[PDB]
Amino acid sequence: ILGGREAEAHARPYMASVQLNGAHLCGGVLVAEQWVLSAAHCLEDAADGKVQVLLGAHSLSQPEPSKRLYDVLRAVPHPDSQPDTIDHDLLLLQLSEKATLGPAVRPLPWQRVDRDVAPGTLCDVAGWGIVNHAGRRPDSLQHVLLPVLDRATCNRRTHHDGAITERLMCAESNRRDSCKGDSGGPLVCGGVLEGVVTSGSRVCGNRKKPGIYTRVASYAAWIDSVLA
């Protein structure tokens, strides 16, 4: 997260750290008892590395009563995802057992109504991604509030030049933004999961290259199918 602040420990009990070989790789969001939603590009190149999900965490390094590392029974990228496209960038991780719930571990309700958020809606994005241009990695969860940017602005030739489909949404990226290590994480608007961070457009903090987020509601039937 660029331009953000340290999040209140455990105040987003849905937040997950997707880990590769014991290091944070991507964000994710607990959406069901046994399933975490993240981005397909996160595992594009993971090959047979050890993929785990850390729930209940604020600090990546320090012990906390609610922090538990889960193994992954199955990783389900969206079948239409591809390296080098921006579209369909969702991944569902089935934990090896149901998560133990509590005040610091809870699934986030997610948007099934397929309609756009109002322009400027202030949505919350959190993550353990880099926090400056040098690439510093924070130990603890960071977050920023970002206003939703209407799709027409986002599709201007000066911006993303027509690449924002109805299944994607944007948020402003003026210095405050999601960044590397934040993909897969949640864009939460009005207390409900609306979007998943994507890296499809990799630059961070350039206002003319808004954040892109995958609209969960657009993929409701796919999420439901895989969950069940």
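Heads up: residue numbers just count along the shown sequence, starting at 1. In this text, the rigid core denotes the largest set of C-alpha atoms whose superposition between the two forms falls within 1.5 Å.
Remark: when the other structures in 7 other deposited structures of this protein are fitted onto this one via the rigid core, 155 to 163 deviates more than the alternative among 155 to 163 and 30 to 38, judged by RMS CA distance.
Fitting each structure in 7 other deposited structures of this protein onto the rigid core and averaging C-alpha distances over structures and residues, 201 to 209 emerges as the more displaced of 201 to 209 and 21 to 29. Between 87 to 95 and 101 to 109, the higher mean Cα B-factor belongs to 101 to 109. The stretch 203 to 211 shows the higher mean C-alpha B-factor when 203 to 211 is compared against 9 to 17 in the entry. Out of 28, 56, 181, 190, it is 190 whose C-alpha atom has the highest B-factor in the PDB entry. Of the candidates 154, 123, 118, 126, it is 118 whose Cα B-factor is highest according to the PDB record.
Residue 132: CA B factor in the middle third of modelled residues in this chain (values from the PDB entry).
Remark: residue 150 belongs to the lowest third of its chain, ranked by C-alpha B-factor as recorded.
Ranked against the other modelled residues of its chain, the C-alpha B-factor of residue 162 as given in the entry falls in the highest third. Annotation for residue 114: CA B-factor lies in the highest third of the chain's modelled residues. Annotation for residue 65: C-alpha temperature factor in the highest third relative to the rest of the modelled chain, per the entry.
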